[PDB]
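149 is the number of the first residue of the first sequence in the entry's author numbering; add one for each residue after it.
Notes follow once the structure below has been shown.
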Amino acid sequence: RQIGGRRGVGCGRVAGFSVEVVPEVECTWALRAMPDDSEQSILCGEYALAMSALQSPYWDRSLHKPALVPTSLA
RNA sequence: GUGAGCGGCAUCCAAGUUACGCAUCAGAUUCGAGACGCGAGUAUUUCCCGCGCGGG
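See the structure below:
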C-alpha cells in the first residue's frame, strides 16, 4: 500500500505498479550495495566503498559491512 | 522484518480612534365651450343591376 518511511502518518501511498520484462542492455540489477570483492565487470558505473548491509534489514547496524555502494544512487 | 519502527507547530493577542453632502437656482411663456341635421319639390315610367319579385 505504501512506499518509503513514515508510513504511519500516511506517506507514500501507491497508486499502481507494473512489472515488465526488459532487455539486460537497458540497465542492470547491480545498482545496489555490492559485496566488497564484487566483480568489476558486473558493476554499472562508479562504486564507492562504504559501510552498508547487504541483506534486509538494512537499518540493522550490527549487520553493516564494508560494501560497494553506487555513487550515482546514494 | 520498505536506514524501517516511534513522534500535535502548539499555546497567547480589539483594526481602533477622529470627520456636516454642503452651498446657489420662478414650471415659466400663448390660445372663445361655441359651433353643427333637412318642411329643398308631381303622378306613374327610361335606359338596366340581380334571374313572377328584390332595385339607380
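Even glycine gets a Cβ: it sits at the ideal position worked out from N, Cα and C.
Item: Between the Cα of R180 and the Cα atoms of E172, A196 and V173, which residue gives the shortest distance?; Value: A196
Item: For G152, which residues in the same chain have their Cβ closer than 7 Å to its Cβ, ignoring the five residues on either side in sequence?; Value: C159 and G160
Item: In the DSSP output, what is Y195 paired with across the bridge?; Value: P218
Item: Could you tell me whether the Cβ atoms of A222 and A198 are closer together than 9 Å?; Value: yes
Item: So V162 and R149 are in contact, right, with Cβ under 8 Å, and what is the actual spacing, rounded?; Value: 6 Å
Item: Three-state secondary structure (DSSP) at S210?; Value: helix
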